[PDB]
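1. can't give you the sequence, but here's the structure:
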């Protein structure tokens, strides 16, 4: 520490690269996403850390896979946040 | 059908295929899904020669 | 930190300040309710219920599209279980330990760990039973453990 | 745990002032800490302070100067009856001339100098000088 | 010694095989589906062995239909990447399981099958009520066509293997016909319009050599067999196309299925030299103004239909109208991409790898290509 | 009606009656009636600013407040021109309670809910004034004179919806509470 540093107003990601409950306001580090690949032609919305298999109603019947954190998607783009 | 919008940029050709009755929408397909949200997750080590 | 291990750790969920909808969403309060009631039929318990909504459906959480929690919605029907799943999962574990202990009397490590999980039941029971969520005559024993988990 | 919130609070601003700082971060924000620091601000030992808001309990940030030497807590909270007062303030202050024992009374939270003019005893919280 | 090595017996020796125990075991296996750590080969084998046990005990055909649906759905889930094709050994077993499912379902007209039946409405046991089985043959056959399309996007166009996988197209066409007849008797109008689109999609590009052979032999005078006449009453691809398209135009609630049907209808008229019909349908549609806002696969179908209209005008000696229809497509220098037949190597340097991976999935199979050298020569 | 659409607020009053008449008239008119459904107010009020301009206030029964939030911009746009020269904002009215722990006498009547408490109402009022920004942060500063100034960090989208209302919203809150507020747009958005 330079022992005089500001703490009222932090840098956009040089003082918001910190742990999420050590920030001034607590934010998640997760997001939603609007998908719609071909294997299942429907506008699905899915959480980033899936935690469970997300099913498909088309020819496919799998979209995700829950790993140790985020979730590995598949061969279908479909991406957004949106906003959060 | 030009998905790139490049073929008809010349103002001389903009009206070349306009119908005399105004193009009706009864056979027009409207995509309701916002394709701006679909990102192909390239698990990004794909490479090409310099 | 930990209540029967020496450890300390952070992994807690952190909610946003906001709490609108937010805007993008559907299934009015009422839609969410019938979506839930179907799941509880299938043996999906309140913790599982919120997960299976959050992962694949448009909710952030079912506390900002309803004025109630997931459990209170089920309770108003009368379709809530007679003991909390929290208590159930403790008792569910300790029976298998006691089976393994009868099959192997030289697993002193298992015997040790049973003392912890056993005492952790009694502490939890003394929360509910003072709050009039359990009968004031109910106790935990081998016999009552067997019958109540089945 | 964090049995007493106010007691953990003052040690930060005490430690911080010694090293040479002028901004701090104190949590988790009790109303009791606010009215304490209000009285401590009037006399002039600290500057204006900003209360950040969270739903959890909030966080508070303070701007301070070298005028402060030390603020301590006294716990557990004893009673005073305006004849016990003189005995307390002798032990806890560097001088009669300045230093301020704080306390809470039914007439609100205030210094000892004010309480003597209202004829109100009460429960003692901390001190500073 | 430890008992070895009978495959782990699904039931203990002494559990009575009741319908409720089989459904409970099916739901245990189905709750294992898609989990990060389950074997998918074992999930298919465990469902096939549950069919054998269901057929040994005649536990109600509604259960047999429900487990056959879960087998076909687990065969699609065998590949965890929606963007890769199915392996031939698993593809054949999928076509077999779909035929056996259709055989059981044609034997039993009393069974109702659909998406619109909630799991709480599953009459699997009551003979005095219509059996109601939650499973949609349509979305499985729509998925079969998606897996077939991916095989024919990932085999090399010049290898003998392409001709081998194209033999299975006849079995796909037959399954879609079996499912059409079944949904004409029992289906909703929104399921019928979707099967009619799938039947149109495998017929609109095929030139009817039987209709042409029937035009090249006028019936002057040789007498053989009334049996050879009943197999000659094969309904013309043109009359079938006109019936299915008119039903879509009169019953469809979606502007998408209508838009695909009119483009396939125009393509089929244009392929058969029927220029006036193809022209008048194209002009009546006003798609020229509206297609810019339609999805890119429908734009690729429109561009292929516009090339086919230009080739149809050329076959009729209408060189001026042929030139006009082909001018914008060929003068673009991007004809291969506009027709969905590949990417141009000169544009590989300017695109994001994720967009390229989405454009590759939008390519039409090689047996749906129109030769670019034929297009440029015309 | 046009006079008895303001109960618990005193039915006669010239300005308040002249609002109600042409307000319900718009709702009855066929020009928009496919999102206007014959709601009523409960009072109204006109309050100035130090900007030298007036602004009108619309109270509602508050279960009906939710329906107003549906349209809220189109409606306010039309009434910005129809009542022109003044700013227009919706707000809600609550029946705030003294404490039983003692600011007025209790009789063990009921518990006193903590949504019917004082402080929760003054938070809820702020949520409506700048509803289209959907408040991102709140901060407060305390003065040496014991005053308090309440910073509000707003979203960095939907800026111009509130940017010409930015000062005039602050003067509303002053009259209702007795407190001073400032509105800000932050450095960064997450």
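-> Here it is on my side, so go on. Numbers count the residues shown, from 1 in each chain, chains lettered A, B, ... in the order given.
2. what helix or strand does residue 33 sit in?
-> In the absence of a named chain, chain A is used. strand A:32-34 (DSSP states H and E).
3. Correction: the question concerned chain D.
-> Using DSSP H and E, the element containing residue D:33 is helix D:31-42.
4. And the next helix or strand past that helix?
-> Of the helices and strands lying after helix D:31-42 in sequence (DSSP H and E), the nearest is strand D:46-52.
5. Can you list the helices and strands that whichever helix or strand comes after that following strand packs against?
-> Downstream of strand D:46-52, the next assigned helix or strand under DSSP H and E is strand D:59-64. Contact analysis of strand D:59-64 by 3 or more CB pairs under 8 Å, 6 or more residues apart in numbering or on different chains; DSSP states H and E lists helix D:5-19, helix D:31-42, strand D:46-52 as its packing neighbours. For every residue, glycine as well, the C-beta is placed using N, CA and C.
6. Buried residues in the longest one, which are they?
-> Read that as helix D:5-19. By neighbour count with 16 or more other CB atoms under 10 Å in any protein chain shown, helix D:5-19 contains the buried residues D:9-10, D:13-14, D:16-17.
7. same check, this time on stretch E:270-286
-> Buried residues in stretch E:270-286 (16+ other CB under 10 Å): E:270-272, E:274-275, E:277-279, E:281-282, E:285-286.
8. dump the residue contacts of the residue of chain C found nearest chain F.
-> At 5.2 Å from chain F, residue C:20 is the closest residue in chain C, using CB to the nearest CB. By CB atoms under 8 Å, 6 or more residues apart in numbering or on different chains, residue C:20 lies in contact with C:64, F:134.
9. hmm, try it at 6 Å
-> residue F:134 (CB atoms under 6 Å, 6 or more residues apart in numbering or on different chains).
10. moving C-terminal of the top helix by length along chain C, what's the next helix or strand?
-> Ranked by residue count and defined by DSSP state H, the top helix of chain C is helix C:108-128. With elements assigned by DSSP H and E, the helix or strand that comes after helix C:108-128 is helix C:142-149.
11. packing partners for that next one?
-> On a contact count with 3 or more CB pairs under 6 Å, 6 or more residues apart in numbering or on different chains; DSSP states H and E, helix C:142-149 meets helix C:85-103.
12. how far does the helix it packs on sit from the chain's center?
-> 15 Å (CA atoms, centre = their mean, to the nearest Å).
13. what comes up buried for it?
-> Residues of helix C:85-103 classed as buried by neighbour count (16+ other CB under 10 Å): C:87, C:90-91, C:94, C:97-98.
14. Okay, angle between it and helix C:142-149 too, please.
-> 130 degrees (axes from the mean of the first three to the mean of the last three CA atoms, to 10 degrees).
15. Who are the packing partners of helix C:85-103?
-> Counting contacts by 3+ CB pairs under 6 Å, 6+ apart, helix C:85-103 is packed against helix C:108-128, helix C:142-149.
16. Quickly check: the strand holding residue A:33 near chain B or not.
-> Yes: judged by CB under 6 Å from any CB of the partner chain, strand A:32-34 comes into contact with chain B at residue A:34.
17. ok, and what's touching whatever helix or strand comes next after that strand?
-> Next helix or strand after strand A:32-34 toward the C-terminus (DSSP H and E): strand A:45-47. Contact with strand A:45-47 is made by A:32-35, A:54, C:54-55, C:58, as judged by CB under 6 Å, 6+ apart.
18. can we see that at 8 Å?
-> A:30, A:32-35, A:54, A:63-64, A:71, C:54-58.
19. Parallel or antiparallel, list what pairs with that strand.
-> strand A:32-34 (antiparallel) (DSSP bridges).
20. hang on, the earlier thing: so can I have a markdown table of the helices and strands packed on strand D:59-64 showing distance to residue F:110?
-> Shown next, in a markdown table, are the helices and strands packed on strand D:59-64 (distance: least, CB to CB, whole Å):
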| stretch | distance to residue F:110 |
| --- | --- |
| helix D:5-19 | 31 |
| helix D:31-42 | 25 |
| strand D:46-52 | 32 |
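21. circling back: out of the contacts of strand A:45-47, which are inside strands?
-> Cross-referencing these against strands under DSSP state E gives A:32-34.
22. which among those gets closest to chain E?
-> Ranked by distance to chain E (CB to the nearest CB), these are led by residue A:33 at 14.0 Å.
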